[PDB]
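The first residue in the sequence is number 1, and the count goes up from there. Every number for a ligand or one of its atoms is a count from 1 in the order of the listing.
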Amino acid sequence: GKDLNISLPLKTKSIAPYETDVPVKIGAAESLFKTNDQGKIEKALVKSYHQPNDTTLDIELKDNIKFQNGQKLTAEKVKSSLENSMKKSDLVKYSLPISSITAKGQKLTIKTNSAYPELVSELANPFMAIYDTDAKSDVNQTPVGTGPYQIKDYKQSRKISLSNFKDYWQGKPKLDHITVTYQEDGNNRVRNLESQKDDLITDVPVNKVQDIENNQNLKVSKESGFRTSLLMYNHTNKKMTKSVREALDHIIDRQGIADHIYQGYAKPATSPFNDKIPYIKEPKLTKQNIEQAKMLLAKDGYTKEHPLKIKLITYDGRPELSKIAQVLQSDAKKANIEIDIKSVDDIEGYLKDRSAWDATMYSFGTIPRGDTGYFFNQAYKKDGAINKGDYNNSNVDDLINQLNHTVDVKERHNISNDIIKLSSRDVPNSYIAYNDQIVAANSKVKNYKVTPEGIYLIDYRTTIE
Ligand SMILES: N[C@@H](Cc1c[nH]c[nH+]1)C(=O)O
Ligand SMILES: N[C@@H](Cc1c[nH]c[nH+]1)C(=O)O
Ligand code: NI
């Protein structure tokens with residue numbers, strides 16, 4: 001049958017939709033709302049919604065949607081799914097300040113205590129995908145969604161087997177089966193594609209694009225997106241002072257990284273957000289300056305006889321991150337910083353031990369749904385789900401909290417720019433590059449998604465000629 005083999009980086013433990021975006025990526029689960037190819041929020045599972053006042057969201061769900069096990073998608077099922085996800089995930093919890101949910105038939109009413117203009121947008125987050133909470137199986141193993149492909153088998157951290165859900169609401173899915181295997185090394189993912197072990201791969205190393213373009217049996221897609229690579233500091237280690245972060249920021253050669261590590265498939269970064277976004281007021285671009293870094297390190301007593309030691313974590317999934325780490329190590333030596341690079345296979349798990357790292361290479365989708373609030377809440381607030389280094393500044397918190405209740409879109413842009421300006425002074429993280437989305441496939445594979453948010457991949461139209 002029409003079977004598709006996919007090789008993905010970033011192995012998962014739990015496959016519950018509130019633990020990872022993989023279920024949405026591979027076509028197993030769907031959120032109430034979704035972004036279209038142009039990045040705009042649209043109803044997906046929702047027929048109609050209204051906001052009669054600024055604390056009330058009334059949703060009417062479509063009446064023709066079933067979960068993969070044949071159960072009807074109803075307002076009660078959505079209520080139970082959202083409530084379970086909020087209680088089991090801080091990412092979900094902190095993004096959804098929901099005070100109550102009522103459900104009757106296909107009608108759902110979601111209330112908040114104060115205005116939260118980004119509520120609809122966050123209900124499009126793949127971590128908010130809807131699953132059947134009454135399913136008897138473990139949601140961490142075989143969640144039941146409404147997507148075109150049902151997860152039938154999961155070998156933890158290794159492989160996911162999916163089968164066509166013939167009654168999928170949007171259309172009869174075009175593939176019979178999908179097999180997803182994890183592979184952290186991008187060079188191995190490319191070899192898998194070249195040997196036909198796999199048919200579709202993500203996160204293609206830049207240094208392999210030309211080879212794929214040359215092959216008439218393969219195709220590579222390279223698109224502008226909203227993913228940013230960065231050096232993330234562990235603020236809980238007292239040695240990681242403002243001067244140390246500033247020194248590290250000046251050791252990075254963003255221009256050189258974009259040109260030679262990313263081979264032009266990236267632009268140097270300033271803030272978390274891609275500079276192509278026209279309302280973003282970016283901080284000034286940092287140029288590498290080893291002498292300035294040495295001077296800043298002298299402020300804390302670091303010299304050649306007594307250098308600063310930094311344990312820098314990296315991971316293979318995003319192939320350029322470890323290449324950047326190597327360059328930072330070499331350049332930092334010139335400034336009296338000895339960097340030890342530790343590559344780990346489970347980055348999210350590893351970083352939980354606050355004593356195990358000083359800084360980490362990282363990559364994140366910083367503006368997946370057209371608003372900067374999400375990033376600020378998840379990265380710059382204490383206990384936000386990607387704030388692994390625990391950056392927090394009361395002055396920044398106040399602005400983020402203000403932003404969260406700000407209705408006027410223009411005022412939101414202004415407050416957001418104020419947050420960027422103020423936070424930038426602290427160097428919470430050093431944003432390195434805004435890098436392009438590179439996906440490759442056998443030429444026989446058609447209609448997979450390579451859109452700027454980098455979340456979606458498989459849908460009901462994806463096929464093998
Ligand atoms: N946010 C990082 C680490 C990660 C692992 N799994 C999911 N995310 C990245 O996407 O590269
Ligand atoms: N891997 C996705 C989602 C994520 C949540 N936490 C870590 N990663 C990203 O980096 O954008
Ligand atoms: Ni991630």
Side-chain angles (χ1 to χ4, degrees), residues 8-26 29 31 35 39 85 88-96 121-122 124-129 156-158 160 180 182-186 189 202-205 225-232 262 266 269 272-274 313-325 343-352 357 359-372 374-381 383-389 429 431-439 451-457:
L8 300 182
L10 307 181
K11 65 182 178 178
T12 49
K13 284 186 181 179
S14 170
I15 199 188
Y18 56 79
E19 289 289 349
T20 167
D21 67 9
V22 164
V24 165
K25 188 180 300 298
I26 70 183
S31 296
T35 54
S85 293
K88 300 294 176 57
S89 166
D90 282 355
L91 183 158
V92 179
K93 167 176 294 179
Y94 296 132
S95 279
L96 296 182
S121 175
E122 280 308 298
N125 185 326
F127 277 65
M128 287 56 157
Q156 200 183 57
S157 309
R158 298 185 181 176
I160 315 175
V180 179
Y182 294 119
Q183 170 56 246
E184 304 308 315
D185 187 324
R189 296 194 289 284
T202 69
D203 296 271
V204 178
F226 297 116
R227 176 164 295 283
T228 301
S229 61
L230 58 139
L231 175 58
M232 169 177 283
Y262 288 105
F273 315 105
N274 192 322
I313 315 304
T314 192
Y315 57 105
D316 281 328
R318 308 292 185 189
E320 286 74 50
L321 296 179
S322 301
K323 302 188 178 72
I324 292 166
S343 184
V344 306
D345 60 298
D346 173 9
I347 189 67
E348 296 290 273
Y350 192 88
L351 298 173
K352 295 181 180 178
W357 60 283
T360 187
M361 298 307 309
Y362 207 73
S363 174
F364 189 65
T366 65
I367 183 160
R369 294 169 290 280
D371 191 86
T372 56
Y374 177 69
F375 178 82
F376 299 140
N377 289 295
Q378 296 301 340
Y380 292 174
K381 291 294 292 295
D383 294 309
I386 76 154
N387 191 3
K388 315 300 187 178
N429 301 302
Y431 305 100
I432 296 171
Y434 306 129
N435 64 302
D436 297 344
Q437 296 297 118
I438 312 176
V439 170
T451 48
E453 85 304 316
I455 294 163
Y456 311 119
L457 182 65

Check your understanding: Strictly under 4.0 Å, does any heavy atom of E348 approach an atom of ligand 2?
Key ->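 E348: in contact with ligand 2 (<4.0 Å).
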Which ligand 2 atoms does [X] reach within 4.0 Å, using its non-hydrogen atoms?
{"X": "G365", "answer": "9 (C), 10 (O), 11 (O)"}
{"X": "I386", "answer": "6 (N)"}
{"X": "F127", "answer": "5 (C)"}

Between [X] and [Y], is any side-chain donor less than 3.5 angstrom from a side-chain acceptor?
{"X": "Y431", "Y": "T366", "value": "no"}
{"X": "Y182", "Y": "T12", "value": "yes"}
{"X": "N125", "Y": "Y374", "value": "yes"}

Practice item. May I ask you to check whether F273 and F376 place their ring centers less than 6.0 Å from one another? Key: yes
How far is [atom] from its nearest protein heavy atom, and which residue and atom name does that atom have?
{"atom": "atom 10 (O) of ligand 1", "answer": "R318 NH2, 2.8 Å"}
{"atom": "atom 7 (C) of ligand 1", "answer": "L10 CD1, 4.0 Å"}
{"atom": "atom 4 (C) of ligand 2", "answer": "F364 CE1, 4.0 Å"}

Side chain or backbone of [X] under 4.0 Å from ligand 2, or both, or neither, by non-hydrogen atoms?
{"X": "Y362", "answer": "side chain"}
{"X": "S363", "answer": "backbone"}
{"X": "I455", "answer": "neither"}
{"X": "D21", "answer": "side chain"}

Practice item. Pull out every atom of ligand 1 sitting under 4.0 Å from any heavy atom of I347, numbered as shown with elements. Key: 3 (C), 5 (C)
Revision key, fill the gap. Between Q437 and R227 the two heavy atoms that sit nearest each other are OE1-CB, 3.9 Å
Review point. Quick check: does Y315 get an N/O under 3.5 Å from an N/O on ligand 1?
Key: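 Right, the criterion is met.
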Check your understanding: In terms of side-chain geometry, is the basic nitrogen of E19 or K88 positioned less than 4.0 Å from the acidic oxygen of its partner?
Key ->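 The answer is no: the pair does not qualify as a salt bridge.
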For [Y], does its backbone N or O pair with a side-chain atom of [X] as donor and acceptor, under 3.5 Å?
{"X": "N274", "Y": "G225", "answer": "yes"}
{"X": "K25", "Y": "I455", "answer": "yes"}
{"X": "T228", "Y": "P272", "answer": "yes"}

Practice item. Please work out whether any backbone atom (N, CA, C, O) or any side-chain heavy atom from C-beta onward of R227 is under 4.0 Å from ligand 1, and answer side chain, backbone, both or neither. Key: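 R227 to ligand 1: side-chain contact only, backbone stays beyond 4.0 Å.
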